[PDB]
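Have a look below at one chain only, the form deposited in one PDB entry, in structure tokens format.
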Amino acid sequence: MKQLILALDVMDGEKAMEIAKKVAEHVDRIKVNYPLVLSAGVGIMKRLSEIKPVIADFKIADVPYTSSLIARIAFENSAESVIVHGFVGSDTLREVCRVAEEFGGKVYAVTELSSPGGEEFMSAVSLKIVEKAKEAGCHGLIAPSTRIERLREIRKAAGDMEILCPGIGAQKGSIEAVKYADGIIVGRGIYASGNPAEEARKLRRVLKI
């Protein structure tokens, strides 16, 4: 039951909807971020939620109260889950994860970003984040597919928590990560294609999910 999740990082809401409809046979969930949400309005999440379950990747990273409100707004706009940064601490994790459950939704905690800068501070506390997120009652984790040894460590520490991994798609990091991941997140490889439906179909076969 592994997933292909589309990071629908286009900034035009109508284009976003067009792409979402095109890939419905091959993609399991859609993840949105702030450039789309700020450009199209938070209501774009309600529209997209009528096509696929929507993960609000808002990288929530504030004190508990503000973080709570952001999560609540996401769920009021039909998100099925939100993404929070574990680095900001257990109080925010507990609060956001409880709010999500009050809406019947899920939270994924970021262990470390897939960018080089993620190595500077996040890598060193990634495994501690896993335990804080587990203890805070959170459902899942976001972890890189790029750092395979680290992904293995995270899976070991996570036990059965759901893990989603950003991956370029049609690249070895993504293929290897499949064993440890519950879902692979792909962005521009699909949404910037001349034929997003065909690209999504190809990637499922390449990832063997």
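Only residues modelled in both forms are compared. Heads up, when I say rigid core I mean the largest set of C-alphas that superpose within 1.5 Å between the two forms. Numbering starts at 1 and follows the sequence shown.
The same protein has a further form, the form deposited in another entry, not shown here; the description that follows concerns it.
- Among the residues 173, 53, 140, 64, the single one whose Cα moves by at least 2 Å between this form and the one not shown, once the core is superposed, is 173.
- Relative to this form, the distance between the C-alpha atoms of residue 174 and residue 22 is increased by at least 3 angstroms in the other entry.
- In summary, the C-alpha positions of residue 6 and residue 174 diverge in the other entry, ending up at least 3 angstroms farther from each other than in this conformation.
- Once the two forms are aligned on their core, only one segment of at least three consecutive shared residues with Cα displacements of 2 Å or more between this form and the one not shown appears, at 167-174.
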